Structures are given as C-alpha cells and as structure tokens.
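Just below is one structure, and these are the notes that go with it.
Neighbour counts are summed over all protein chains in view; Cβ atoms, including those assigned to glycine, are modelled from backbone coordinates with ideal geometry. All of the numbers you see were taken from the coordinates with simple rules; none came from a lab.
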C-alpha cells in the first residue's frame with residue numbers, strides 16, 4: 001500500500017523537480033548570456049552555476 | 001532575449017540620450033570658440049587684434 005502511495009506521488013514530485021531543474025538551467029544560461037556581453041562579473045555567474053548544481 | 005528588464009533599458013536609453021545632449025551642448029561652446037561669420041559679405045577692419 002505505501003509502495004502504491006509512492007508510485008502515486010513520485011510521478012509529480014519528480015516532475016516538479018524537473019521543472020525546478022529546467023527553471024534553474026534557464027536562469028544559469030540567461031546569467032551566462034548576460035555575463036558574456038559584459039554587464040555583470042564572473043562571481044555571480046559562479047553563484048548561478050553552484051545554484052544549478 | 002529579456003536578460004535585463006524593459007524598464008532598465010528605458011533608464012539606460014534615457015541616460016544615453018541625456019549624455020548625448022550634454023555632449024552636443026558642450027560642443028556648441030567649442031564651435032562658439034571658433035567664431036564664424038554669421039553672414040557672407042565684405043568684412044571691415046579688425047578692431048580687436050590677437051592677444052586681447
């Protein structure tokens with residue numbers, strides 16, 4: 001019964017976690033494409049990278 | 001691609017146009033110290049020679 005409960009709940013827990021991962025990945029690539037022009041320095045880029053990790 | 005806001009771009013474009021207007025207002029004086037003939041015709045004598 002609690003195996004069935006985990007089957008019922010992980011299929012949206014892991015999907016919300018994948019949406020979190022896609023959101024942080026778009027955040028990191030957007031911070032990279034605002035670093036590459038030259039607006040903000042490399043330390044906030046490393047902060048976005050460690051948040052993605 | 002919407003990295004910075006659409007309002008921060010308006011602030012930066014306003015600062016850019018204010019600085020360009022300051023450059024143009026500061027080269028108006030640099031053109032004023034090159035004193036130009038406002039008309040075209042015969043010129044008389046120089047009542048103020050160079051150095052004064």
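The one condition from (1) under 30 Å from residue A:35 (Cα atoms); (2) surrounded by fewer than 10 Cβ atoms within 10 Å (Cβ to Cβ) that residue B:12 does not meet is (2). Somewhere in region B:1-11, is a residue away from chain A (no Cβ under 14 Å), without any contact (Cβ under 8 Å) to a residue 60 or more places away in the chain, in a loop (DSSP other than H, G, I, E, B) and more than 25 Å from the chain's Cα centre (by Cα)? Yes - at least one qualifying residue is present in region B:1-11. Taking residue A:46 as the residue in question, decide whether it is more than 14 Å from chain B (Cβ to nearest Cβ), part of a helix (DSSP H, G or I) and farther than 20 Å from residue B:3 by Cβ. In short, no.
Here's the yes/no breakdown for (1) part of a helix (DSSP H, G or I); (2) within 12 Å of chain B (Cβ to nearest Cβ); (3) loosely packed, with under 11 Cβ neighbours inside 10 Å:
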{"residue": "A:4", "(1), (2), (3)": "yes, no, yes"}
{"residue": "A:7", "(1), (2), (3)": "yes, no, yes"}
{"residue": "A:11", "(1), (2), (3)": "yes, no, yes"}
{"residue": "A:16", "(1), (2), (3)": "yes, no, yes"}
{"residue": "A:21", "(1), (2), (3)": "yes, no, no"}
{"residue": "A:25", "(1), (2), (3)": "yes, no, no"}
{"residue": "A:32", "(1), (2), (3)": "yes, yes, no"}
{"residue": "A:51", "(1), (2), (3)": "yes, no, no"}
